[PDB]
Every structure is written in structure tokens, then in C-alpha cells.
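Chains as they are written, first to last, in the authors' numbering: chain A, 1 to 99; chain B, 1 to 99. Heads up, the beta-carbon is just placed ideally off N, CA and C, and yes, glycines get one too.
Number of protein chains: 2
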Amino acid sequence: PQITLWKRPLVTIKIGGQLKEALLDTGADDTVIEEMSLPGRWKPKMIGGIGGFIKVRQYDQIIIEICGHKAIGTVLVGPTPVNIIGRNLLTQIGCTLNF
Amino acid sequence: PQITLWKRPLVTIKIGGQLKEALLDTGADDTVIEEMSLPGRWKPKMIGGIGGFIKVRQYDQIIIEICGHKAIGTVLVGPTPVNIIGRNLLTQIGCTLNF
Ligand SMILES: NC(=O)c1ccc(S(=O)(=O)N(Cc2ccc(C(F)(F)F)cc2)[C@H]2CNC[C@@H]2NCc2cc(O)cc(O)c2)cc1
Ligand SMILES: [Cl-]
Ligand SMILES: [Cl-]
Ligand SMILES: [Cl-]
């Protein structure tokens, strides 16, 4: 399937037993999700961009379901204005940019 | 081309006769470039990033070449961690997400 970019490329994911809407974000190194509980150890991280930085909790080896694809990777949890699926998981589902 | 996401999707762009590095960023609605001189009048725009909202300068109908593909459209100028090619211009060059 091909996704055009006339609008934000949003998809539904399942993470930690919850459904969430998230943006397929090629500019994002990492996957970043709004506040929620995840299992396991975590460590703090700062990530930044336009408007400054936010503090997030880094969880590793988290399983996410994206469009029927199961993938495992790191998830950063914190006060992001939008849930985003970053390259660390986009690679796992074979997502590419094409033009 | 087809661009995988194991590394940041950095490409060369040309704007104002000069080559710059920029990121193909499906999570950015707009195109944001580091401080440079562009022609014409600008107008104000507020954009929201990961850390909050900021004011940038909006220039319209700016010629910009992205990986050799010619685009003409809105370019915002302001403090950004990297030059960002957002959906407004990704759509112009026919860029899609595929998996
Ligand atoms: N309205 C818009 O057009 C617009 C919206 C948001 C932004 S942004 O916040 O600056 N930005 C871009 C970004 C790209 C690359 C980097 C890098 F420096 F880490 F490489 C930071 C931020 C977002 C937009 N898409 C990628 C990035 N996502 C947030 C993010 C930041 C980060 O440091 C690490 C991550 O894993 C994820 C910019 C523009
Ligand atoms: Cl990862
Ligand atoms: Cl691959
Ligand atoms: Cl435009």
C-alpha cells in the first residue's frame, strides 16, 4: 500500500494493550508516545526540535502493532503533542520513502 | 529513488543557488529552513514543534530543488535543528510512504 502526503499520515497502533492514533514520521529517530504506562525499566532522555526540548522516559523492547505488523523497539514516553512512529519502528515494517 | 529509513533520510537541496542538507520529514506539515536570505516579503507564522510553538518567517512561491526535483512553494525560515522538507513540498515532488 502507498500513502500520499496530502494530509498527516496517521495510523492506529496497539501498544501496552491500548489503541492510539500515531503519525508515521520519517523525521523522527525515535517513536514518541503520550503519557502511558509501560512495563520494565526505563531511563530518562531529552529530545528537542522546534519549540525546544521535552523530557521522556525511554523503554526498550516494547512490542507495537502497526497496521497488522508486529514490531519491537524502543519507545519514548512523555508530553509529545502528537504520538509519532519514528524510524526505529518504521524500518521494522518495511516502510520506505519513494519519489 | 526509494529511501529506506535505517539512517536519517538526508538529501541535498538547492535554494537561492546554494546546496544545503535537509531532512525528508513526513511528520512536519511545513518546510522549515535555517536562517538565510530569501527574496520578497514575508509574513508571520506560528508553528508547533515537539517542544512548543514558535514564530517563524513565511515566504511564498520560493523555488527549491530537492534531490534534483524542482518545487515552488512555501518555505518557513527560523531556528530549526536541521533543514526540514515537510509535507507541503514532499507532496509536490510526488513523495509517498510505502510498505
Ligand atoms: N510544523 C512543522 O512543520 C514542524 C513540526 C515539528 C518539527 S520538529 O519538532 O522540530 N521535528 C523535526 C526534527 C527533525 C530532526 C531532529 C533531529 F535533530 F533530531 F534530527 C529534530 C527535530 C519533528 C517533526 N518530525 C520529526 C520530529 N519529531 C519529533 C522528534 C524530535 C527529536 O529530537 C527526536 C525524535 O525521535 C522525534 C518541525 C517542523
Ligand atoms: Cl529501537
Ligand atoms: Cl530494508
Ligand atoms: Cl507550499
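- If you check the CB distance, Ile-64(B) and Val-82(B) do not come in under 8 Å.
- Taking a beta-carbon distance threshold of 8 Å, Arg-57(B) does not count as an interface residue toward chain A.
- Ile-72(B) has its CB no nearer than 7 Å to any heavy atom of ligand 1.
- Annotation for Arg-87(A): the continuous alpha helix (DSSP H) segment containing it runs 87-90.
- For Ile-54(B), the secondary structure class from DSSP, reduced to helix, strand or coil, is strand.
- With contacts defined as CB atoms closer than 8 Å, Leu-24(A) and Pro-1(A) fail to qualify as a contacting pair.
- Not one beta carbon of chain A lies nearer than 8 Å to the beta carbon of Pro-44(B).
- Runs of the beta strand (DSSP E) spanning 3 or more residues and lying entirely within the segment 12-41 of chain B occur at 18-24, in chain order.
- Among the residues facing chain A, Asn-83(B) is not included, as its CB has no counterpart in that chain under 8 Å away.
- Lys-14(A) and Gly-40(A) have their C-alpha atoms some 18 Å from each other.
- Between the alpha carbons of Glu-34(A) and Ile-85(A) lies a distance of about 12 Å.
- Contact with chain B is found for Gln-2(A), since one of that chain's Cβ atoms lies less than 8 Å from the residue's Cβ.
- With its beta carbon less than 8 Å from one in chain B, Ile-93(A) belongs to the interface.
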